[PDB]
């Protein structure tokens, strides 16, 4: 069963499914895009040729896939998991209908080196692992991507470098926030219909806390969007 394999994959702790971490990451992305200035949100709408509401859902779902590279036996019970995320997304984003060049760039945006593509030696090592894994893993990773896109209600766009870099920086920040169990406690069940509403509430609380005077001390401006400088 590919669904069981997909749900069994863990992130960061045996009691925290990878899917829970991916949905938490998407929830932080969506919450912080809603708080960005109107100029920033209009940039996303223009980047992707979507009404603003669809553009933010698209971007949030993409960012949720940052740790999709963990959906491999290599990371469950050396090359960084982000190299796997990049290889998986090059294929998976094209199957969803994105044109080759946009898929390849977004795959690197969500990879191991903050938007710069994995090198030949990293990819050779990863592909060595991929050749000997159980084939069900390839199916499980497609299942996980479909679950996030479906949960977020993400539409496909009908990609300029700044658009890709905007997703890169957003994914770096959202994955960081969602990775802190003090903000996003382990043990929530992502099979539940109420999971995303609860993850959005936790995201709003976390963004509020990270902004408090003893944490945030200035702002980081990157590619026309803003984050707290911690």
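Residue numbers count along the first chain shown, from 1.
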Q) Would you class the number of unmodelled deposited residues between residue 77 and residue 78 as none, 1 to 3, 4 to 9, or 10 or more? A) 10 or more
Q: Pick between 126-134 and 139-147: the one whose mean CA B-factor in the entry is higher.
A: 126-134
(Q) So, looking at the entry's B-factor column for Cα atoms, which has the higher mean, 213-221 or 19-27? (A) 213-221
(Q) Looking at 67, 52, 180, 47, which one carries the largest C-alpha B-factor according to the PDB entry? (A) 52
Q | Highest-ranked of 34, 166, 192, 201 once sorted by CA temperature factor in the record | A | 192
(Q) Where does the C-alpha B-factor of residue 56 rank in its chain, lowest, middle or highest third? (A) middle
Q: Using the B-factors in the PDB entry, rank residue 41's C-alpha atom against the chain and give the third, lowest, middle or highest.
A: lowest
Q.
Going by the CA temperature factor in the PDB record, which third of the chain does residue 156 belong to: lowest, middle or highest?
A. highest
Q: Give the position of residue 110 by CA B-factor within its chain, expressed as the lowest, middle or highest third.
A: lowest
Q) Lowest, middle or highest third: where is residue 98 by C-alpha B factor in its chain? A) middle
